[PDB]
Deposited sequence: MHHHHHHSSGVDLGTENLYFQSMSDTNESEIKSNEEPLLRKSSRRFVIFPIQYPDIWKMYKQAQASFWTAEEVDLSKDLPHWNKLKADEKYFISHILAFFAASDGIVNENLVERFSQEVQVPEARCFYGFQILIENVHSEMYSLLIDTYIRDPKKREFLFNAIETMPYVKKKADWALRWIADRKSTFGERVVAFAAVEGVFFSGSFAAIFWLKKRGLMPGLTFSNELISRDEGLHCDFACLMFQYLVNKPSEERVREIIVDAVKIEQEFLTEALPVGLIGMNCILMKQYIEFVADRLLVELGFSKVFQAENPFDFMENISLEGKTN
């Protein structure tokens, strides 16, 4: 309780800018039903064996993916709690959408079964697990550290896959997948932005050194996935350029938290 966010009639609003972001969340409310998948199987069938493997897998990883309930309890400002309550909900809309997309492109139930049991095995899930239990759950962890981890989960992890799905939009393919990709990644941006806003109200925040360790570690994990394990070559993208994008994204985040760049990586993707 040295911290304004942490210390124990919502109106009038004390924090207009926390509140403005809640209001932006509400403004952009949607449901998985809103998204039209009727024109997708034709485009899907035009994809090649390697591109279907890739798309079906990154979807499964999106689906495989509860720290927000913890922040909502911990943070004591009503304005913030409203934003986290909306975040809980919209995340559940994300899951529905991924389930819908899979069910639309993987029609046979046993194929879905093979697919998911594979994905539980894989490194990307274990590595992201180990990272969160290292930087969130450790309980030598601090609140400032968790805020930075929180921001990374939203803005570094899956950043490369949103980009991959945007690359397909460039080629006029799969309008339901790409349209839902836009809504979801927009939602993540806002969530990443909110975490960066909270970080600005901290009395005790972590060393630039420490902020780099959390962030650059996620970059390690995300780059490995999309270049080593499930390479973007599978859908005609360049690996080197993707590693660079992940770093541009991570540099942007460091600067949002008020620190200097580490990688100096420019954005390689016009379409982004």
What's missing from the model if you number the deposited sequence from 1?
1 to 33, 42 to 46, 104 to 109, 317 to 326
